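K.L.:
Next comes input06.txt, compact mmCIF, N, CA and C atoms:
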# COMPACT_ATOMS: atom_id res chain seq x y z
N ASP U 1 -8.04 -13.02 -128.33
CA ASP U 1 -8.91 -13.03 -127.16
C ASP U 1 -9.43 -11.63 -126.83
N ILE U 2 -8.51 -10.68 -126.70
CA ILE U 2 -8.88 -9.29 -126.42
C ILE U 2 -9.29 -8.55 -127.69
N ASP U 3 -8.92 -9.04 -128.87
CA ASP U 3 -9.31 -8.37 -130.11
C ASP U 3 -10.82 -8.34 -130.26
N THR U 4 -11.51 -9.34 -129.72
CA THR U 4 -12.97 -9.33 -129.74
C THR U 4 -13.54 -8.55 -128.57
N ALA U 5 -12.87 -8.58 -127.42
CA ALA U 5 -13.34 -7.81 -126.27
C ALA U 5 -13.30 -6.32 -126.57
N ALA U 6 -12.33 -5.88 -127.36
CA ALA U 6 -12.26 -4.47 -127.73
C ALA U 6 -13.33 -4.08 -128.73
N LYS U 7 -13.89 -5.05 -129.47
CA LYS U 7 -14.97 -4.75 -130.39
C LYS U 7 -16.31 -4.58 -129.69
N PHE U 8 -16.39 -4.88 -128.40
CA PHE U 8 -17.59 -4.57 -127.63
C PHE U 8 -17.50 -3.22 -126.94
N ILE U 9 -16.30 -2.69 -126.75
CA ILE U 9 -16.12 -1.36 -126.19
C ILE U 9 -16.07 -0.31 -127.29
N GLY U 10 -15.30 -0.58 -128.35
CA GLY U 10 -15.27 0.33 -129.48
C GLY U 10 -16.62 0.50 -130.14
N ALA U 11 -17.47 -0.52 -130.07
CA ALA U 11 -18.81 -0.42 -130.62
C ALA U 11 -19.80 0.19 -129.64
N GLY U 12 -19.54 0.09 -128.34
CA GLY U 12 -20.39 0.76 -127.37
C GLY U 12 -20.12 2.25 -127.28
N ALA U 13 -18.92 2.68 -127.67
CA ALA U 13 -18.61 4.10 -127.70
C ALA U 13 -19.10 4.75 -128.99
N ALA U 14 -18.93 4.06 -130.12
CA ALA U 14 -19.36 4.63 -131.39
C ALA U 14 -20.84 4.94 -131.41
N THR U 15 -21.64 4.19 -130.67
CA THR U 15 -23.09 4.33 -130.73
C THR U 15 -23.63 5.40 -129.79
N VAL U 16 -22.78 6.11 -129.05
CA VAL U 16 -23.27 7.21 -128.22
C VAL U 16 -23.33 8.52 -128.99
N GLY U 17 -22.67 8.59 -130.15
CA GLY U 17 -22.84 9.73 -131.02
C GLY U 17 -24.25 9.91 -131.54
N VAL U 18 -25.13 8.94 -131.29
CA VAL U 18 -26.54 9.10 -131.63
C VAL U 18 -27.20 10.12 -130.72
N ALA U 19 -26.68 10.32 -129.51
CA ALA U 19 -27.22 11.33 -128.61
C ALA U 19 -27.22 12.71 -129.24
N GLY U 20 -26.35 12.96 -130.22
CA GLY U 20 -26.37 14.23 -130.90
C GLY U 20 -27.56 14.39 -131.82
N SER U 21 -28.22 13.28 -132.16
CA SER U 21 -29.41 13.34 -133.00
C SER U 21 -30.69 13.24 -132.20
N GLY U 22 -30.63 12.79 -130.95
CA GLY U 22 -31.79 12.89 -130.08
C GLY U 22 -32.06 14.31 -129.65
N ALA U 23 -31.02 15.14 -129.61
CA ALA U 23 -31.17 16.55 -129.29
C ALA U 23 -31.37 17.40 -130.54
N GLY U 24 -30.90 16.93 -131.69
CA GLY U 24 -31.14 17.67 -132.92
C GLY U 24 -32.58 17.60 -133.37
N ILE U 25 -33.13 16.38 -133.43
CA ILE U 25 -34.52 16.21 -133.84
C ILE U 25 -35.48 16.88 -132.87
N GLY U 26 -35.05 17.13 -131.64
CA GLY U 26 -35.88 17.87 -130.71
C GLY U 26 -35.88 19.35 -131.02
N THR U 27 -34.72 19.88 -131.42
CA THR U 27 -34.64 21.28 -131.80
C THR U 27 -35.37 21.55 -133.10
N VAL U 28 -35.45 20.56 -133.99
CA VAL U 28 -36.14 20.75 -135.26
C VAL U 28 -37.65 20.77 -135.04
N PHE U 29 -38.16 19.86 -134.22
CA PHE U 29 -39.58 19.83 -133.91
C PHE U 29 -39.94 20.68 -132.71
N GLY U 30 -38.98 21.35 -132.10
CA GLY U 30 -39.28 22.34 -131.09
C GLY U 30 -39.34 23.71 -131.73
N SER U 31 -38.93 23.78 -132.99
CA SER U 31 -39.04 25.00 -133.77
C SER U 31 -40.20 24.97 -134.75
N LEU U 32 -40.57 23.79 -135.22
CA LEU U 32 -41.81 23.64 -135.98
C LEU U 32 -43.03 23.95 -135.12
N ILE U 33 -42.90 23.91 -133.80
CA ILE U 33 -44.03 24.25 -132.93
C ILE U 33 -44.06 25.74 -132.65
N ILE U 34 -42.90 26.32 -132.32
CA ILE U 34 -42.82 27.76 -132.11
C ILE U 34 -43.11 28.50 -133.41
N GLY U 35 -42.36 28.17 -134.46
CA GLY U 35 -42.53 28.86 -135.73
C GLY U 35 -43.93 28.75 -136.29
N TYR U 36 -44.62 27.65 -136.02
CA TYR U 36 -45.99 27.50 -136.51
C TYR U 36 -46.93 28.43 -135.77
N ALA U 37 -46.89 28.42 -134.44
CA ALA U 37 -47.79 29.24 -133.64
C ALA U 37 -47.69 30.73 -133.95
N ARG U 38 -46.64 31.17 -134.63
CA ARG U 38 -46.48 32.56 -135.02
C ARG U 38 -47.05 32.85 -136.39
N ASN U 39 -46.92 31.90 -137.32
CA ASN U 39 -47.38 32.06 -138.69
C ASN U 39 -48.13 30.81 -139.13
N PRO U 40 -49.27 30.51 -138.50
CA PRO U 40 -49.95 29.23 -138.76
C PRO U 40 -50.49 29.08 -140.17
N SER U 41 -50.28 30.05 -141.05
CA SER U 41 -50.69 29.94 -142.44
C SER U 41 -49.59 29.41 -143.34
N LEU U 42 -48.48 28.94 -142.76
CA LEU U 42 -47.38 28.35 -143.52
C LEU U 42 -47.12 26.91 -143.08
N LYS U 43 -48.16 26.24 -142.58
CA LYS U 43 -48.00 24.87 -142.09
C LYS U 43 -47.42 23.94 -143.15
N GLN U 44 -47.78 24.16 -144.42
CA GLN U 44 -47.30 23.28 -145.47
C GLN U 44 -45.81 23.46 -145.73
N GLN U 45 -45.29 24.66 -145.49
CA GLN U 45 -43.90 24.95 -145.81
C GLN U 45 -42.97 24.81 -144.61
N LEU U 46 -43.48 24.95 -143.39
CA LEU U 46 -42.66 24.68 -142.21
C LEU U 46 -42.43 23.19 -142.05
N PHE U 47 -43.50 22.40 -142.17
CA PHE U 47 -43.37 20.95 -142.09
C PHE U 47 -42.42 20.41 -143.15
N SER U 48 -42.36 21.06 -144.31
CA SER U 48 -41.43 20.63 -145.35
C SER U 48 -39.99 20.94 -144.99
N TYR U 49 -39.75 21.75 -143.96
CA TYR U 49 -38.41 22.00 -143.45
C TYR U 49 -38.11 21.16 -142.22
N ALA U 50 -39.12 20.92 -141.38
CA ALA U 50 -38.93 20.04 -140.24
C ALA U 50 -38.59 18.62 -140.68
N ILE U 51 -39.04 18.22 -141.86
CA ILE U 51 -38.69 16.90 -142.38
C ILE U 51 -37.28 16.91 -142.95
N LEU U 52 -36.92 17.98 -143.66
CA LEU U 52 -35.55 18.11 -144.16
C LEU U 52 -34.57 18.17 -143.00
N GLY U 53 -34.97 18.75 -141.88
CA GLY U 53 -34.11 18.83 -140.73
C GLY U 53 -34.07 17.54 -139.95
N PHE U 54 -35.22 16.87 -139.86
CA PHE U 54 -35.25 15.58 -139.18
C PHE U 54 -34.48 14.53 -139.96
N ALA U 55 -34.44 14.65 -141.28
CA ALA U 55 -33.72 13.67 -142.08
C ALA U 55 -32.23 13.92 -142.07
N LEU U 56 -31.81 15.18 -141.94
CA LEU U 56 -30.39 15.50 -141.97
C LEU U 56 -29.72 15.37 -140.61
N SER U 57 -30.48 15.52 -139.53
CA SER U 57 -29.91 15.25 -138.21
C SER U 57 -29.87 13.75 -137.93
N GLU U 58 -30.92 13.03 -138.33
CA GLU U 58 -30.92 11.58 -138.20
C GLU U 58 -29.85 10.95 -139.07
N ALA U 59 -29.54 11.56 -140.22
CA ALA U 59 -28.53 11.00 -141.11
C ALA U 59 -27.14 11.08 -140.48
N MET U 60 -26.93 11.98 -139.53
CA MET U 60 -25.66 12.03 -138.82
C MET U 60 -25.62 11.00 -137.70
N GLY U 61 -26.73 10.85 -136.98
CA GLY U 61 -26.78 9.84 -135.93
C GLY U 61 -26.59 8.44 -136.46
N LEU U 62 -27.18 8.14 -137.61
CA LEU U 62 -27.09 6.80 -138.18
C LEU U 62 -25.72 6.51 -138.78
N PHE U 63 -24.89 7.53 -139.00
CA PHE U 63 -23.49 7.27 -139.32
C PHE U 63 -22.78 6.63 -138.14
N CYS U 64 -23.09 7.09 -136.93
CA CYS U 64 -22.52 6.47 -135.74
C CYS U 64 -22.98 5.02 -135.62
N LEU U 65 -24.28 4.78 -135.78
CA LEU U 65 -24.79 3.41 -135.70
C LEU U 65 -24.23 2.51 -136.78
N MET U 66 -23.79 3.07 -137.91
CA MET U 66 -23.21 2.24 -138.95
C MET U 66 -21.76 1.92 -138.65
N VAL U 67 -21.03 2.87 -138.05
CA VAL U 67 -19.68 2.57 -137.59
C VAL U 67 -19.72 1.69 -136.35
N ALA U 68 -20.82 1.72 -135.60
CA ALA U 68 -20.97 0.79 -134.48
C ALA U 68 -20.98 -0.65 -134.98
N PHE U 69 -21.70 -0.91 -136.08
CA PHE U 69 -21.78 -2.26 -136.61
C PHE U 69 -20.60 -2.60 -137.50
N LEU U 70 -20.14 -1.64 -138.31
CA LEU U 70 -19.00 -1.89 -139.18
C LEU U 70 -17.74 -2.21 -138.38
N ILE U 71 -17.72 -1.87 -137.10
CA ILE U 71 -16.65 -2.33 -136.21
C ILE U 71 -17.02 -3.65 -135.55
N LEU U 72 -18.27 -3.78 -135.10
CA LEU U 72 -18.70 -4.98 -134.40
C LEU U 72 -18.84 -6.18 -135.33
N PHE U 73 -19.02 -5.97 -136.62
CA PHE U 73 -19.30 -7.12 -137.48
C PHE U 73 -18.35 -7.27 -138.65
N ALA U 74 -17.96 -6.18 -139.31
CA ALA U 74 -17.09 -6.31 -140.47
C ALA U 74 -15.63 -6.45 -140.05
N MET U 75 -15.09 -5.41 -139.41
CA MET U 75 -13.71 -5.39 -138.92
C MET U 75 -13.41 -4.04 -138.27
N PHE F 1 -60.26 71.13 -142.63
CA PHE F 1 -60.24 72.56 -142.34
C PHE F 1 -58.90 73.15 -142.72
N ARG F 2 -58.92 74.25 -143.46
CA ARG F 2 -57.71 74.96 -143.85
C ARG F 2 -57.65 76.38 -143.34
N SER F 3 -58.76 77.12 -143.40
CA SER F 3 -58.81 78.48 -142.90
C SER F 3 -60.27 78.84 -142.64
N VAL F 4 -60.47 80.02 -142.06
CA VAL F 4 -61.82 80.49 -141.76
C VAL F 4 -62.63 80.68 -143.03
N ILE F 5 -61.97 80.88 -144.17
CA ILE F 5 -62.67 81.25 -145.39
C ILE F 5 -63.06 80.02 -146.20
N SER F 6 -62.19 79.01 -146.23
CA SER F 6 -62.39 77.87 -147.12
C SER F 6 -61.96 76.57 -146.46
N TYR F 7 -62.68 75.51 -146.80
CA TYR F 7 -62.35 74.15 -146.41
C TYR F 7 -62.45 73.26 -147.64
N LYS F 8 -61.89 72.06 -147.55
CA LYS F 8 -61.97 71.11 -148.64
C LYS F 8 -62.47 69.77 -148.12
N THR F 9 -63.17 69.05 -148.99
CA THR F 9 -63.60 67.69 -148.67
C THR F 9 -62.46 66.73 -148.97
N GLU F 10 -62.33 65.70 -148.14
CA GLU F 10 -61.22 64.77 -148.24
C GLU F 10 -61.67 63.38 -147.82
N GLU F 11 -60.99 62.36 -148.35
CA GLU F 11 -61.23 60.98 -147.96
C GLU F 11 -59.91 60.34 -147.58
N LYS F 12 -59.89 59.69 -146.42
CA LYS F 12 -58.72 58.98 -145.93
C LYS F 12 -58.95 57.48 -146.03
N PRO F 13 -57.98 56.73 -146.54
CA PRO F 13 -58.17 55.29 -146.71
C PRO F 13 -58.13 54.56 -145.38
N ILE F 14 -58.88 53.46 -145.31
CA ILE F 14 -58.95 52.62 -144.13
C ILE F 14 -58.67 51.19 -144.55
N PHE F 15 -57.53 50.66 -144.14
CA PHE F 15 -57.10 49.32 -144.53
C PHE F 15 -57.54 48.30 -143.49
N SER F 16 -57.90 47.11 -143.96
CA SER F 16 -58.28 46.02 -143.09
C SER F 16 -57.05 45.19 -142.74
N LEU F 17 -57.27 44.03 -142.12
CA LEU F 17 -56.14 43.22 -141.68
C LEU F 17 -55.45 42.53 -142.85
N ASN F 18 -56.23 41.94 -143.75
CA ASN F 18 -55.66 41.08 -144.78
C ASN F 18 -54.84 41.86 -145.80
N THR F 19 -54.95 43.19 -145.83
CA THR F 19 -54.11 44.00 -146.69
C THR F 19 -52.88 44.56 -145.98
N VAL F 20 -52.97 44.82 -144.68
CA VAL F 20 -51.80 45.29 -143.94
C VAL F 20 -50.92 44.14 -143.49
N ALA F 21 -51.47 42.93 -143.37
CA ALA F 21 -50.68 41.76 -143.03
C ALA F 21 -50.06 41.09 -144.24
N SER F 22 -50.57 41.36 -145.44
CA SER F 22 -50.08 40.75 -146.66
C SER F 22 -49.13 41.65 -147.43
N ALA F 23 -49.08 42.94 -147.11
CA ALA F 23 -48.21 43.85 -147.84
C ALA F 23 -46.75 43.52 -147.57
N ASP F 24 -46.00 43.28 -148.65
CA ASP F 24 -44.60 42.90 -148.51
C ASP F 24 -43.70 44.05 -148.07
N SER F 25 -44.26 45.22 -147.80
CA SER F 25 -43.51 46.29 -147.17
C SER F 25 -43.60 46.24 -145.65
N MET F 26 -44.47 45.39 -145.11
CA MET F 26 -44.59 45.18 -143.68
C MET F 26 -43.74 44.01 -143.19
N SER F 27 -42.87 43.48 -144.04
CA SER F 27 -42.00 42.39 -143.63
C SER F 27 -40.85 42.87 -142.76
N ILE F 28 -40.53 44.16 -142.79
CA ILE F 28 -39.47 44.69 -141.94
C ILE F 28 -39.93 44.86 -140.50
N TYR F 29 -41.24 44.94 -140.26
CA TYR F 29 -41.75 45.22 -138.93
C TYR F 29 -41.67 43.96 -138.07
N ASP F 30 -40.99 44.06 -136.94
CA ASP F 30 -40.62 42.91 -136.13
C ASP F 30 -41.67 42.61 -135.08
N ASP F 31 -41.68 41.36 -134.62
CA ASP F 31 -42.52 40.90 -133.52
C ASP F 31 -44.00 41.02 -133.88
N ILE F 32 -44.31 40.88 -135.16
CA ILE F 32 -45.65 41.07 -135.69
C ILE F 32 -46.25 39.71 -136.01
N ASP F 33 -47.44 39.46 -135.47
CA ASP F 33 -48.26 38.33 -135.87
C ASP F 33 -49.65 38.85 -136.20
N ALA F 34 -50.48 37.97 -136.75
CA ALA F 34 -51.78 38.43 -137.23
C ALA F 34 -52.73 38.78 -136.12
N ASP F 35 -52.32 38.78 -134.85
CA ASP F 35 -53.17 39.29 -133.78
C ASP F 35 -52.78 40.70 -133.36
N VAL F 36 -51.49 40.98 -133.20
CA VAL F 36 -51.06 42.32 -132.84
C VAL F 36 -51.29 43.30 -133.98
N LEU F 37 -51.60 42.81 -135.18
CA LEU F 37 -52.06 43.68 -136.24
C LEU F 37 -53.55 43.94 -136.14
N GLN F 38 -54.31 42.97 -135.65
CA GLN F 38 -55.74 43.19 -135.46
C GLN F 38 -56.00 44.25 -134.40
N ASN F 39 -55.30 44.16 -133.26
CA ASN F 39 -55.44 45.18 -132.23
C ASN F 39 -54.95 46.53 -132.72
N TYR F 40 -54.03 46.55 -133.69
CA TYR F 40 -53.51 47.80 -134.21
C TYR F 40 -54.40 48.36 -135.31
N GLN F 41 -55.11 47.50 -136.04
CA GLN F 41 -56.06 47.99 -137.04
C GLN F 41 -57.37 48.42 -136.40
N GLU F 42 -57.72 47.84 -135.25
CA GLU F 42 -58.96 48.22 -134.59
C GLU F 42 -58.80 49.55 -133.86
N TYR F 43 -57.60 49.84 -133.36
CA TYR F 43 -57.37 51.13 -132.73
C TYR F 43 -57.27 52.23 -133.77
N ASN F 44 -56.51 51.99 -134.85
CA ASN F 44 -56.37 52.98 -135.91
C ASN F 44 -57.66 53.24 -136.66
N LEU F 45 -58.75 52.57 -136.29
CA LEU F 45 -60.07 52.92 -136.77
C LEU F 45 -60.71 53.99 -135.89
N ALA F 46 -60.42 53.96 -134.59
CA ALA F 46 -60.92 55.00 -133.71
C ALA F 46 -60.13 56.29 -133.85
N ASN F 47 -58.87 56.20 -134.28
CA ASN F 47 -58.07 57.40 -134.49
C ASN F 47 -58.56 58.16 -135.72
N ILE F 48 -58.55 57.50 -136.88
CA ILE F 48 -58.94 58.16 -138.12
C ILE F 48 -60.38 58.63 -138.08
N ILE F 49 -61.18 58.12 -137.14
CA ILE F 49 -62.52 58.67 -136.93
C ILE F 49 -62.44 59.88 -136.01
N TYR F 50 -61.61 59.82 -134.98
CA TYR F 50 -61.45 60.96 -134.08
C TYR F 50 -60.80 62.14 -134.80
N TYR F 51 -59.72 61.88 -135.54
CA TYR F 51 -59.08 62.95 -136.31
C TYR F 51 -60.05 63.54 -137.32
N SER F 52 -61.00 62.74 -137.80
CA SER F 52 -62.01 63.24 -138.71
C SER F 52 -63.06 64.08 -138.00
N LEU F 53 -63.47 63.69 -136.80
CA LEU F 53 -64.48 64.45 -136.08
C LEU F 53 -63.96 65.80 -135.60
N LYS F 54 -62.65 65.95 -135.44
CA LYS F 54 -62.10 67.24 -135.05
C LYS F 54 -61.96 68.16 -136.26
N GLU F 55 -61.58 67.61 -137.41
CA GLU F 55 -61.46 68.42 -138.61
C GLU F 55 -62.82 68.85 -139.13
Mind turning this structure into structure tokens?

P.N.:
Amino acid sequence: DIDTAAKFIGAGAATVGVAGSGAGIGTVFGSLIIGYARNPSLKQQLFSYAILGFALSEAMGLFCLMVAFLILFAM
Amino acid sequence: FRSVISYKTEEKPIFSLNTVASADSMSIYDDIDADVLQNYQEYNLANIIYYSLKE
């Protein structure tokens, strides 16, 4: 009875670690704006880092969302 | 001008923006963007002309 009730709390806590990626992706695209305005002739190479940064910060947030479901659905 | 007796002719180089902003020896200079170099290249044109008019 409670074994399922705990899977709604353990899964609601696991999914707040995504907040670390809502602030990471902001710092990555808050630096692609500053860094660009200083050296606007490197737009092709800054964007190629803002994507690498957006993909690596999001990849940490989605680990939380996967443990959110792997608890809520698998075991 | 060197002395009352003799002088020599001389030429001083004048660099534009795209050569002073692209030189990889200017990478150590901090807080530099391609505008604060323009204001610095436009002033250093009035200097090298003034230093020339006095000599």

K.L.:
Tell me, as JSON, numbers by chain, which residues lie within 6.5 Å of stretch 33-44 of chain F, counting all atoms listed in the file; anything in the same chain fewer than 4 positions away does not count.

P.N.:
{"U": [38], "F": [16, 17, 48, 49]}

K.L.:
Could the residues of chain U within 12 Å of chain F, counting only C-alpha atoms, be given as number ranges by chain, please?

P.N.:
U: 35-41

K.L.:
Rank nothing, just name the residue among U:72, U:32, U:2, U:66 nearest to residue U:17, using only C-alpha atoms.

P.N.:
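Of U:72, U:32, U:2, U:66, the one nearest residue U:17 is U:66, counting only C-alpha atoms.
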
K.L.:
Just to confirm, what's the straight-line distance from atom CA of residue U:67 to atom CA of residue U:24 in Å (one decimal)?

P.N.:
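Separation between atom CA of residue U:67 and atom CA of residue U:24: 19.5 Å.
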
K.L.:
Provide the atom CA of residue U:22 to atom CA of residue U:10 distance in Å, to one decimal place.

P.N.:
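Those two atoms sit 20.8 Å apart.
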
K.L.:
Could you pull out the alpha helix (DSSP H) residues of chain F, going by DSSP on the backbone, and write them as a ChimeraX atom specification?

P.N.:
/F:17-20,38-54

K.L.:
Using only C-alpha atoms, which of U:42, U:55, U:68, U:75 sits nearest residue U:12?

P.N.:
U:68

K.L.:
Tell me which residues come within 8 Å of (-30.3, 16.0, -136.9), as a list in words, counting only N, CA and C atoms in the file's coordinates.

P.N.:
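Here is the list of nearby residues: residues 20, 21, 22, 23, 24, 25, 26, 28, 52, 53, 54, 55, 56, 57, 58, 59, 60 and 61 of chain U.
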
K.L.:
At a cut-off of 8 Å, using all atoms listed in the file, what residues contact residue U:71? Leave out same-chain residues fewer than 6 positions from it and give the result as a ChimeraX atom specification.

P.N.:
/U:6-8,10-11,65

K.L.:
For stretch 12-15 of chain F, what centre and edge lengths in Å (one decimal) does the axis-aligned box get once 6 Å is added on each side of all its listed atoms, as JSON?

P.N.:
{"center_x": -58.5, "center_y": 54.0, "center_z": -145.1, "size_x": 14.8, "size_y": 23.4, "size_z": 15.2}

K.L.:
Atom CA of residue F:46 and atom CA of residue F:1, how far apart in Å?

P.N.:
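Interatomic distance, atom CA of residue F:1 to atom CA of residue F:46: 19.6 Å.
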
K.L.:
Saving stretch 8-62 of chain U with C-alpha atoms, as a compact mmCIF listing (two decimals), in the first residue's frame, what would that file be?

P.N.:
# COMPACT_ATOMS: atom_id res chain seq x y z
CA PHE U 8 5.18 9.25 -5.88
CA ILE U 9 7.41 11.08 -3.38
CA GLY U 10 10.71 9.50 -4.39
CA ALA U 11 9.86 10.39 -7.99
CA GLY U 12 8.78 13.92 -7.14
CA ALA U 13 12.10 14.55 -5.42
CA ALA U 14 14.29 12.99 -8.12
CA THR U 15 12.83 15.34 -10.72
CA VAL U 16 13.85 18.58 -8.96
CA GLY U 17 17.48 17.99 -9.89
CA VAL U 18 16.42 19.35 -13.27
CA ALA U 19 16.52 22.82 -11.70
CA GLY U 20 20.29 22.53 -11.94
CA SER U 21 19.95 22.47 -15.72
CA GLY U 22 17.51 25.35 -15.95
CA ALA U 23 20.25 27.50 -14.45
CA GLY U 24 23.06 25.86 -16.39
CA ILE U 25 21.55 26.40 -19.84
CA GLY U 26 20.98 30.02 -18.82
CA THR U 27 24.63 30.52 -17.96
CA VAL U 28 25.65 28.95 -21.27
CA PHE U 29 23.39 31.20 -23.34
CA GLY U 30 24.06 34.15 -21.06
CA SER U 31 27.69 33.83 -22.05
CA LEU U 32 27.08 33.29 -25.75
CA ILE U 33 25.48 36.75 -25.62
CA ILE U 34 28.21 38.50 -23.65
CA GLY U 35 31.07 36.72 -25.39
CA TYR U 36 29.56 37.44 -28.80
CA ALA U 37 29.08 41.18 -28.26
CA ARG U 38 32.83 41.42 -27.54
CA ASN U 39 34.12 39.38 -30.51
CA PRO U 40 31.24 39.24 -33.01
CA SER U 41 33.55 37.78 -35.67
CA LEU U 42 33.58 34.37 -33.92
CA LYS U 43 29.84 33.69 -34.09
CA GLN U 44 30.45 30.34 -35.78
CA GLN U 45 32.78 29.13 -33.02
CA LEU U 46 30.99 30.50 -29.96
CA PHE U 47 27.69 28.92 -31.02
CA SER U 48 29.58 25.65 -31.45
CA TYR U 49 30.41 25.86 -27.73
CA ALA U 50 27.01 27.05 -26.54
CA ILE U 51 25.60 23.88 -28.09
CA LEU U 52 28.24 21.68 -26.47
CA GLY U 53 27.39 23.37 -23.18
CA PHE U 54 23.64 23.18 -23.67
CA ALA U 55 23.94 19.48 -24.46
CA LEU U 56 26.17 18.67 -21.48
CA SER U 57 24.11 20.59 -18.91
CA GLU U 58 20.86 19.14 -20.26
CA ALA U 59 22.45 15.68 -20.17
CA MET U 60 22.77 16.04 -16.39
CA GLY U 61 19.21 17.25 -15.90
CA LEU U 62 17.81 14.37 -17.93
